[PDB]
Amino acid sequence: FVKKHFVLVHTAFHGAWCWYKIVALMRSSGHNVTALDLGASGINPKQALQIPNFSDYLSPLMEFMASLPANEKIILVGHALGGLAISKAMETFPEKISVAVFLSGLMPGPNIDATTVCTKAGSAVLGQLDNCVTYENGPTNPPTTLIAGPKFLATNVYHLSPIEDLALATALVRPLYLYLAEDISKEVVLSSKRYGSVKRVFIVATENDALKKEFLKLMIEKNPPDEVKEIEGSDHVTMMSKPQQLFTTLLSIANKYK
């Protein structure tokens, strides 16, 4: 038994809270775990309008990474949109990361742009079901924030999870600032010397959405990781629908890339 430090980074609308099943399994197995709230997520004190720059969204992860002595290595796990956060962390602090894990994560590289993966990810959320946008920059400006609706969550995100986790999410999801493509492209710049030197595992976890699976496959083709793993029977929130399986998989990954 070697004690390891997992750092968990959530997706859009979510927070540290969404990892609670995983955090519990990690803590009782004796491992260190940090689940972070990104900007204006979970109980982070910022509101979405206060973090209109993508660097502001990422700062809780970047501050945490900065506070790490270089000898204290981590397994860095990014879920969906959280892939962009972990990619930035990989570029800035490549030495501190044993292995980065992309859980159906946006995984841009040199051959597939950060703005490319974003526009595609956004198309599957913007205008879907009961999702709605706000216009705090006024009616003649692009929409400012996106709010995940309860039907969208039930149908597209939590559709294989226990009903109580849907209720939990409905009480906790927060708006996402609609970051500009230009902002993101400038912020998430990746090089093969820094980002590319970090060991990288992709976990494919999706069901009943073959187009989403194709998007994940495309990112894997354009930016080949060191290893691809699969979890069956997962909805969009694998930490909710397949917690034991995700835990086992992360431990296996951690043990392989010490």
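Note that residue numbering begins at 1 and tracks the sequence as displayed.
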Where do the C-alpha atoms have the higher mean temperature factor in this entry, in 31-39 or in 195-203?
-> 195-203
For the C-alpha atoms alone, is the average B factor greater in 181-189 or in 79-87, going by the entry?
-> 181-189
Out of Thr155, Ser161, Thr145, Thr115, which residue has the highest Cα temperature factor in the PDB record?
-> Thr115
Given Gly105, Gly127, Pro175, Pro150, the residue at which the Cα B factor reaches its maximum | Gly127
Would you check the entry's CA temperature factor for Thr170 and let me know if it's in the chain's lowest, middle or highest third?
-> lowest
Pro69: C-alpha B-factor third of its chain, per the entry, is the middle
What third of its chain's C-alpha B-factors does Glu232 belong to: lowest, middle or highest?
-> highest
Temperature factor at the Cα of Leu211, chain-ranked in thirds, falls in the highest
Chain-relative C-alpha B factor for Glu63 (record values, thirds): the middle
